[PDB]
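Report on one structure; see the data block that follows.
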Amino acid sequence: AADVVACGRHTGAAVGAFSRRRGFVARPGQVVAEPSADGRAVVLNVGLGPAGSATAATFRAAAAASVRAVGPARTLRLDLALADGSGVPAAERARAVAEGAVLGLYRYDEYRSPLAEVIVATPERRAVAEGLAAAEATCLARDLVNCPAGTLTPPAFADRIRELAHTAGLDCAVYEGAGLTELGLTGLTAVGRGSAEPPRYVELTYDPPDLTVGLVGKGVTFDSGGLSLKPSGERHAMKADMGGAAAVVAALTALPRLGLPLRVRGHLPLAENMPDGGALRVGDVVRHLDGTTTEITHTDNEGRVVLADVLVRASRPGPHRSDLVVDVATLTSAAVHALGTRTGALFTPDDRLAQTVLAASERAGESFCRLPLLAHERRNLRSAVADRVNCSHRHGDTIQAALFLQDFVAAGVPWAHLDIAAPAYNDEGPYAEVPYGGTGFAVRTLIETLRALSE
Amino acid sequence: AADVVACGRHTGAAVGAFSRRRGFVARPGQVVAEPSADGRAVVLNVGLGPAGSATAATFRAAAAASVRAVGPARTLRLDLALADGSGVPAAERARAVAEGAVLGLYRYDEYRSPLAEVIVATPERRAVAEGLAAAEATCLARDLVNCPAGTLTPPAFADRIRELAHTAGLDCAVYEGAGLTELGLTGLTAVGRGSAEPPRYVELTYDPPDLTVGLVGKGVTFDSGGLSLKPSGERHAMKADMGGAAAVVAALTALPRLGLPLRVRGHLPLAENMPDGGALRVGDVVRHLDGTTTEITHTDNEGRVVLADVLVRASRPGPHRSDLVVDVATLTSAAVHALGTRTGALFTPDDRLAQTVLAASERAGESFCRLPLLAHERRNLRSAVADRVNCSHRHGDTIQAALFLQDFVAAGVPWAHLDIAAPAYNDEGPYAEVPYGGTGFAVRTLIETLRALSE
Amino acid sequence: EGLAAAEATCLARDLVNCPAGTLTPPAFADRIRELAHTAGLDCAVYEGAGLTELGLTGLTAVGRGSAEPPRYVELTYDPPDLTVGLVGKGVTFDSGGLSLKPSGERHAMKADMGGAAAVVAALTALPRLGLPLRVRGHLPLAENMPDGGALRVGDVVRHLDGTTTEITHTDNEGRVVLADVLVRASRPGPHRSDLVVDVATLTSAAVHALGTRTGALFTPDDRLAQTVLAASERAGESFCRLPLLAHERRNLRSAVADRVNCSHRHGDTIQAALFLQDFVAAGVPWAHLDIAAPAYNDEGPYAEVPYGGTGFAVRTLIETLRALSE
Ligand SMILES: [Mn+2]
Ligand SMILES: [Mn+2]
Ligand SMILES: [Mn+2]
Ligand SMILES: [Mn+2]
Ligand SMILES: [Mn+2]
Ligand SMILES: [Mn+2]
């Protein structure tokens, strides 16, 4: 039995006397190992819960639990997708089992000083291939987020995107120094100025021969806070503030494999936010690409300032025309207080786009909830000096940040904003298919959203 | 095989192909379950590490890991103590396996809305019986510490000690109200006054027909801080501030089973420290039983004030004469900063008593380190008003608290002080034989110390 | 002998009291060079590219944020008459780095080179005493400053022994700086350092338990412990031994590297000692002296101790080296 075989069991399914004696009750993610019938290999009995309540997430989580229980085995065959009786069709089971296996195997050992084959048993080969690709993209995002900021600097991150673009056949332009200055991304330049690592701006285009979607990803490779320095003695995953950029890049790398008939452009501002003799100051004013002005009332609300000019560039009327814009950003720390650590916030004025993103997230097994663009919170954007502030010092910053970003989206362009600060990094232990640390959150939601949009 | 049999394996010992295929490498506490040879029951292979490095703690921890992996089995036989090859003699193996099994099975489910038999296989029946008794005493302390303070009030705790004394044949006197006032325990009375639950004082004596040892246990059943109220938003196990009293009571309950030829008296001041219109005030002075005075500079350093008069009573020259005094107290929060969460502090001027307690702790597998009674820290006891303060507001409070207690021990009486604030409560997850929450720390050290003293 | 021991102590007092803007790492290296020359001690100063070649990546990473570049100095007392290695933490100014020390709390940030001061001063006294033993001083010198190019939380240092440390708090910089020096000092090689003692104003957690006038001693070697403690008694300096608790190693674990420089949990004094232990070559006896609190007296003068820099550990070291030479 190829070293280890993992069998999915719904509640009520038969297992041997040994599994029963060990307490196997088919609880989701429960794994009991036993010798195979011939005594030459290992069987894992893996719980899928009641058949009537099982979802694709159940299969995804059960696959992750299987690969975690593999021990020193060289080969693992997952039969989980062959369990029927639930409402989850075979193709969705196969896709989810494939995702969960890759996501569950993920390790980040690059900075530390025998499993050779995972096989998914199913006729749904296409679904398996899609699952593997989606999960591999997620793991790419995980690597990028986990990467120490001293390795993944803005220049190094730009180089990495260039290499990934080259592999995938994606068109890539990297802007730096004077070339960057010409673009008028004054938020990026101002925020990035304090650091010894100069900022970068990268555009990625997936453009198959077969609507144009713009993806904007916040790539603050290290967020210290700037002069409004993050308190020492509080823990912050400061290197993880490029999770939005990671999600966008990774999603873009998966599109050529899927062959989606839609044009997608990625827009990635990359910078460090550092304290320094030449750092952006509280009370300074940024004049943005659209001529409007932002007073910097708190240097740690840097992401919205960096994204502003990119949203103008991405959405402005011009050559070939981006029909809709989605931004992804580890933007706000206020959200998590209400929503908790595992749910992202979705903002959009477009109800059908909201539905498209939420349904995409459900298929992907990623938790989002929509928050309203409350008109009465615009009063908290007011500045005594400029057109707006980047920080009100009042409650409601998650909503205020969304309204701030909305100011820079050209009139009539459908737009959605994904604030993923909390779910982008897991500071608790591993659970299900999610490791400690960088999660790659939103990659799969984005892929699913782009699929629906292409249909 | 009696549902489940647990086999101890040192590194290099033979296991079946299944255990090897699962990755069993005899790592301490590693458990791999497999069917028995006849297919009718369960075998647990349990790691004991290399034979040359195994200690009694290894066996204790391996036993705890065994009982945790039992599943729904009705009977468990531990063969762990029959593994030889290590330096741990058979009797010590049996004692430790017995302790670990009971300690590992411990659960505290009283306030929540199939295992019927654990058997230890060995000829060392006496050692097993001693291990079970020591562990049962530890679990009694665990229950007392875990108990909600609203259930274990000072009056209710006094009643519980009375019941335990009655079972064991121990002489017990409970003092309350006017009877308590007569004893002159003015620290206890002053600290306890703010609460609606009145304080208690309990004396327990083990007095077999076969030296007199005095045990003093801090029994603050709930420490809010008093008027110097503990900051809300910081977590404190305020109900666990009676861990010292718990350890002393539990140790006393084990002595009749062991039949130690020594007289041991327990002295237990019990109170709540609460804010109230009538609570002890910052700047108030307590006149103690020896006529000396303490200025209350911080109401949250209440334990030393409560213990002071009890130490005078316990050590004063008088009827039958207590030859040595050991106090146990969850006293200080400063210690943990240096020593960490799993090590108690030991203070004594007596080098041979220090050695006796430390060696006892080693046998028991409880971590202590001796701290010095630094003469230059007495300057931090000075008060502008009284003979001493209960808080210097300077670094070194763990040492200062010990010196404070030393003031009340009658001249020439050997004395040791055990500060166990951190190890008395585990606020991390369970590990080895230690659960989350109340640990019963110091019970086994005390029993081992009294054994050595009786020899 | 008393005058010489006290004069060495006063040299350490001067070095600690010196404003950090005067006693920069380059200036401190120059001062050691001058003191070595007086005493007849062999001295090598490493800087820039020459420093880079040594692979002291902890020192370089910690020191990078400052405008004052780091230095590394080796001092050898080598009379014609065992080889003892002394490692001294020389952070000439510890601001905290990006994990910046809170403003409104008082810290003697210039005093974070007290360990280096004690080692240098002890070495200057040896030629006067004529002790028959070879003693090498190893002094990493740097400023820990916030800057656009400062070491970041989450960065990984790859040390001279190939092992890795994740920087979870930039204010636990001393252990990171000392790591590579301990590898260099203890590695098997030419003439062979038989034992290593490090002295460092390392930890702020200790003082909570021990108070302001007592240093912490760590060593797995019971006889070396006794030698140092008895030396301290003769010198009138207060130390207490703390255990190298095996169960505190779990708090060194990192999700990314081989270890962290900060657990954000209780027990950092012990954890820091275990961290340093990782870099001492197998079989080399080692002791660690954590003297953050007693190195600087922030209360008024008492007895023979002034306000400010105390020169703590100089006399203990001299007494320890005397006993070791006998
Ligand atoms: Mn920020
Ligand atoms: Mn940010
Ligand atoms: Mn208290
Ligand atoms: Mn208390
Ligand atoms: Mn520091
Ligand atoms: Mn330092």
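Here's how to read the names in the structure tokens: chain A, B, ... by the order shown, residue numbers from 1 in each chain, ligand numbers from 1 in the order shown.
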- Task: Using only C-alpha atoms, find the residues of chain C whose closest atom to chain A is at most 6 Å away, then write them as a PyMOL selection string.
- Result: chain C and resi 99+147-149+154-155+163+256-258
Keeping only C-alpha atoms, take the residues you just selected and write them out as a compact mmCIF listing (two decimals), in the first residue's frame.
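Once written, part.txt looks like this:
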# COMPACT_ATOMS: atom_id res chain seq x y z
CA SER C 99 12.90 48.25 19.10
CA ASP C 147 18.13 54.19 11.37
CA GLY C 148 16.93 53.71 7.80
CA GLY C 149 19.55 50.95 7.57
CA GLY C 154 12.36 39.27 11.82
CA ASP C 155 15.84 39.43 10.23
CA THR C 163 23.75 28.43 12.82
CA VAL C 256 12.23 30.51 11.09
CA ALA C 257 15.84 30.12 12.37
CA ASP C 258 17.69 27.83 14.81
Wanna dump the chain A-chain B contacts at 8 Å for me, each residue with its shortest atom pair and the distance in Å to one decimal, counting only C-alpha atoms, ordered by chain and number, as a Markdown table?
| residue | atom | partner | partner_atom | distance |
| --- | --- | --- | --- | --- |
| A:18 | CA | B:35 | CA | 6.3 |
| A:21 | CA | B:72 | CA | 6.8 |
| A:22 | CA | B:71 | CA | 5.3 |
| A:23 | CA | B:71 | CA | 5.6 |
| A:34 | CA | B:34 | CA | 6.7 |
| A:35 | CA | B:18 | CA | 6.3 |
| A:39 | CA | B:18 | CA | 7.9 |
| A:41 | CA | B:18 | CA | 7.4 |
| A:42 | CA | B:18 | CA | 7.4 |
| A:70 | CA | B:22 | CA | 7.6 |
| A:71 | CA | B:22 | CA | 5.3 |
| A:72 | CA | B:23 | CA | 5.6 |
| A:73 | CA | B:21 | CA | 6.8 |
Please list as a PDB file with N, CA and C atoms, in the first residue's frame every residue within 9 Å of residue 279 in chain C, counting only C-alpha atoms and excluding residues in the same chain fewer than 3 positions away.
ATOM      1  N   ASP C 161      29.508  29.897  13.098  1.00  0.00           N
ATOM      2  CA  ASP C 161      29.375  28.429  13.124  1.00  0.00           C
ATOM      3  C   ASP C 161      28.299  27.889  12.173  1.00  0.00           C
ATOM      4  N   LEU C 178      27.812  38.875  20.871  1.00  0.00           N
ATOM      5  CA  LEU C 178      28.724  37.944  21.530  1.00  0.00           C
ATOM      6  C   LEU C 178      28.832  36.576  20.858  1.00  0.00           C
ATOM      7  N   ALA C 179      27.764  36.128  20.200  1.00  0.00           N
ATOM      8  CA  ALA C 179      27.689  34.755  19.650  1.00  0.00           C
ATOM      9  C   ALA C 179      28.922  34.388  18.816  1.00  0.00           C
ATOM     10  N   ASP C 180      29.216  35.197  17.811  1.00  0.00           N
ATOM     11  CA  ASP C 180      30.305  34.879  16.868  1.00  0.00           C
ATOM     12  C   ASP C 180      31.675  34.987  17.521  1.00  0.00           C
ATOM     13  N   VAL C 181      31.807  35.915  18.465  1.00  0.00           N
ATOM     14  CA  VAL C 181      33.047  36.065  19.216  1.00  0.00           C
ATOM     15  C   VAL C 181      33.314  34.825  20.069  1.00  0.00           C
ATOM     16  N   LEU C 182      32.273  34.289  20.706  1.00  0.00           N
ATOM     17  CA  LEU C 182      32.411  33.038  21.457  1.00  0.00           C
ATOM     18  C   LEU C 182      32.824  31.854  20.556  1.00  0.00           C
ATOM     19  N   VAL C 183      32.314  31.802  19.326  1.00  0.00           N
ATOM     20  CA  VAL C 183      32.758  30.777  18.359  1.00  0.00           C
ATOM     21  C   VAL C 183      34.243  30.973  18.049  1.00  0.00           C
ATOM     22  N   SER C 186      36.526  30.170  21.205  1.00  0.00           N
ATOM     23  CA  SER C 186      36.533  28.783  21.665  1.00  0.00           C
ATOM     24  C   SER C 186      36.809  27.726  20.595  1.00  0.00           C
ATOM     25  N   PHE C 275      21.442  30.777  25.316  1.00  0.00           N
ATOM     26  CA  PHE C 275      21.739  31.294  23.985  1.00  0.00           C
ATOM     27  C   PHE C 275      23.250  31.377  23.779  1.00  0.00           C
ATOM     28  N   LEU C 276      23.958  32.010  24.716  1.00  0.00           N
ATOM     29  CA  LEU C 276      25.421  32.100  24.634  1.00  0.00           C
ATOM     30  C   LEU C 276      26.088  30.725  24.659  1.00  0.00           C
ATOM     31  N   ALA C 282      32.332  22.557  22.016  1.00  0.00           N
ATOM     32  CA  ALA C 282      32.177  21.396  22.894  1.00  0.00           C
ATOM     33  C   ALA C 282      33.446  21.140  23.685  1.00  0.00           C
TER      34      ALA C 282
END
Please identify all polymer residues within 9 Å of residue 15 in chain C, counting only C-alpha atoms, omitting same-chain residues fewer than 5 positions from it, and present them as a compact mmCIF listing (two decimals) with N, CA and C atoms, in the first residue's frame.
# COMPACT_ATOMS: atom_id res chain seq x y z
N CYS C 10 39.10 51.71 38.55
CA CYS C 10 38.85 53.10 38.19
C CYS C 10 38.96 53.38 36.68
N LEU C 23 33.29 58.12 23.68
CA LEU C 23 33.69 56.72 23.59
C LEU C 23 32.81 55.98 22.58
N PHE C 28 36.98 53.88 21.24
CA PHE C 28 37.21 52.88 22.27
C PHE C 28 38.31 51.91 21.81
N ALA C 111 26.41 52.87 29.25
CA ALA C 111 27.05 51.91 30.16
C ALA C 111 26.98 50.47 29.66
N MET C 113 28.73 48.95 27.69
CA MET C 113 30.07 48.43 27.37
C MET C 113 30.84 48.09 28.65
N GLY C 114 30.12 47.96 29.77
CA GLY C 114 30.72 47.66 31.08
C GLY C 114 31.47 46.34 31.12
N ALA C 117 34.68 46.94 29.37
CA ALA C 117 35.49 47.73 30.29
C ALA C 117 36.16 46.86 31.34
N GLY C 309 29.24 54.74 36.89
CA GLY C 309 30.06 53.58 36.52
C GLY C 309 30.82 53.05 37.72
N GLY C 311 32.87 49.97 37.69
CA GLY C 311 33.97 49.07 37.41
C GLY C 311 33.76 47.66 37.94
- Item | Test item: residues lying within 6 Å of ligand 5 with only C-alpha atoms and all ligand atoms, as an MDAnalysis selection string | chainID C and resid 94 96 171:173
- Which residue out of C:106, C:64, C:158, C:169 has the minimum interatomic distance to residue 264 in chain C when only C-alpha atoms are used? C:169
- Task: For ligand 4, list the contacting residues at 7 Å or closer, counting only C-alpha atoms and all ligand atoms, as an MDAnalysis selection string.
- Result: chainID B and resid 220 223 241 300:303 330:331
- Could you pull out the alpha helix (DSSP H) residues of range 91-291 of chain B from DSSP and send them as a ChimeraX atom specification? /B:91-105,125-146,154-168,177-182,186-192,243-258
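We find CA of residue 65 in chain C and CA of residue 144 in chain C to be spaced 6.8 Å apart.
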- Which residues, written as a PyMOL selection string, have at least one atom at most 7 Å from residue 211 in chain B, with only C-alpha atoms counted and residues fewer than 2 positions away on the same chain left out? chain B and resi 213+262-263+323
Output for the residues just chosen: N, CA, C and O atoms as a PDB file, in the first residue's frame:
ATOM      1  N   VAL B 213       8.632  19.476  63.057  1.00  0.00           N
ATOM      2  CA  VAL B 213       8.739  20.352  61.887  1.00  0.00           C
ATOM      3  C   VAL B 213       7.467  21.179  61.745  1.00  0.00           C
ATOM      4  O   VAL B 213       6.368  20.644  61.789  1.00  0.00           O
ATOM      5  N   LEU B 262       8.011  11.405  62.545  1.00  0.00           N
ATOM      6  CA  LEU B 262       8.279  12.786  62.914  1.00  0.00           C
ATOM      7  C   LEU B 262       6.976  13.546  63.095  1.00  0.00           C
ATOM      8  O   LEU B 262       5.969  13.237  62.459  1.00  0.00           O
ATOM      9  N   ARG B 263       7.007  14.535  63.976  1.00  0.00           N
ATOM     10  CA  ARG B 263       5.851  15.355  64.241  1.00  0.00           C
ATOM     11  C   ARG B 263       5.918  16.550  63.289  1.00  0.00           C
ATOM     12  O   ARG B 263       6.970  17.179  63.139  1.00  0.00           O
ATOM     13  N   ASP B 323      11.174  22.539  66.017  1.00  0.00           N
ATOM     14  CA  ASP B 323      12.625  22.551  65.817  1.00  0.00           C
ATOM     15  C   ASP B 323      13.037  23.209  64.509  1.00  0.00           C
ATOM     16  O   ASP B 323      14.143  23.718  64.415  1.00  0.00           O
TER      17      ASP B 323
END
- Message: Would you pick out the contacts of residue 367 in chain A at 7 Å or less, using only C-alpha atoms, so that residues sharing its chain but fewer than 3 positions from it are not included, and give the list as a PyMOL selection string?
- Response: chain A and resi 342-344+361
Could you dump the residues just selected with N, CA, C and O atoms as a JSON list (two decimals), in the first residue's frame?
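The resulting again-v7.json:
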[["chain", "number", "residue", "atom", "x", "y", "z"],
["A", 342, "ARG", "N", -8.96, 35.58, 11.86],
["A", 342, "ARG", "CA", -9.05, 34.70, 10.68],
["A", 342, "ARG", "C", -10.01, 35.16, 9.57],
["A", 342, "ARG", "O", -10.29, 34.38, 8.66],
["A", 343, "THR", "N", -10.49, 36.41, 9.65],
["A", 343, "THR", "CA", -11.46, 36.94, 8.69],
["A", 343, "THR", "C", -10.97, 38.26, 8.08],
["A", 343, "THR", "O", -10.54, 39.18, 8.79],
["A", 344, "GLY", "N", -11.02, 38.35, 6.76],
["A", 344, "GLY", "CA", -10.64, 39.57, 6.07],
["A", 344, "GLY", "C", -11.84, 40.48, 5.94],
["A", 344, "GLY", "O", -12.99, 40.01, 6.04],
["A", 361, "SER", "N", -14.69, 33.44, -2.27],
["A", 361, "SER", "CA", -14.07, 33.14, -0.98],
["A", 361, "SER", "C", -14.63, 31.87, -0.35],
["A", 361, "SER", "O", -13.88, 31.09, 0.24]]
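Residues within 8 Å of residue 363 in chain B, counting only C-alpha atoms and excluding same-chain residues fewer than 5 positions away, are residues 56, 445 and 448 of chain B.
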- Message: For the structure I just gave you, how does DSSP split range 139-272 of chain A - specifically, which residues are strand (DSSP E)? Reply as a ChimeraX atom specification.
- Response: /A:171-175,200-206,212-217,219-223,263-272
So that I have them on file, write out the residues from the current selection with C-alpha atoms, as a JSON list (two decimals), in the first residue's frame.
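The result, stored in result-v5.json:
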[["chain", "number", "residue", "atom", "x", "y", "z"],
["A", 171, "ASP", "CA", 5.01, 40.87, -19.16],
["A", 172, "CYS", "CA", 6.89, 42.72, -16.39],
["A", 173, "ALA", "CA", 8.13, 46.30, -15.94],
["A", 174, "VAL", "CA", 10.20, 47.32, -12.88],
["A", 175, "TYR", "CA", 10.50, 51.03, -12.05],
["A", 200, "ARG", "CA", 10.30, 49.91, -6.32],
["A", 201, "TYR", "CA", 7.20, 49.79, -8.47],
["A", 202, "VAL", "CA", 6.35, 46.70, -10.54],
["A", 203, "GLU", "CA", 3.62, 46.09, -13.13],
["A", 204, "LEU", "CA", 2.75, 42.51, -14.17],
["A", 205, "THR", "CA", 0.44, 41.66, -17.04],
["A", 206, "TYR", "CA", -1.23, 38.36, -17.89],
["A", 212, "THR", "CA", -9.21, 43.97, -18.25],
["A", 213, "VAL", "CA", -8.91, 43.43, -14.46],
["A", 214, "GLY", "CA", -6.43, 45.48, -12.39],
["A", 215, "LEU", "CA", -4.98, 44.00, -9.16],
["A", 216, "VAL", "CA", -3.26, 46.40, -6.74],
["A", 217, "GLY", "CA", -1.14, 44.85, -3.98],
["A", 219, "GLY", "CA", 4.06, 45.66, -0.83],
["A", 220, "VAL", "CA", 5.48, 47.27, 2.30],
["A", 221, "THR", "CA", 8.32, 44.82, 2.78],
["A", 222, "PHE", "CA", 8.97, 46.08, 6.30],
["A", 223, "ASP", "CA", 6.63, 48.31, 8.30],
["A", 263, "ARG", "CA", -6.42, 40.24, -19.20],
["A", 264, "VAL", "CA", -5.15, 40.91, -15.67],
["A", 265, "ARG", "CA", -2.62, 43.59, -14.66],
["A", 266, "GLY", "CA", -0.84, 43.55, -11.29],
["A", 267, "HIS", "CA", 0.34, 46.86, -9.79],
["A", 268, "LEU", "CA", 2.84, 46.47, -6.93],
["A", 269, "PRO", "CA", 4.25, 49.40, -4.93],
["A", 270, "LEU", "CA", 7.18, 48.15, -2.82],
["A", 271, "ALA", "CA", 8.86, 50.04, 0.05],
["A", 272, "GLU", "CA", 10.19, 49.94, 3.59]]
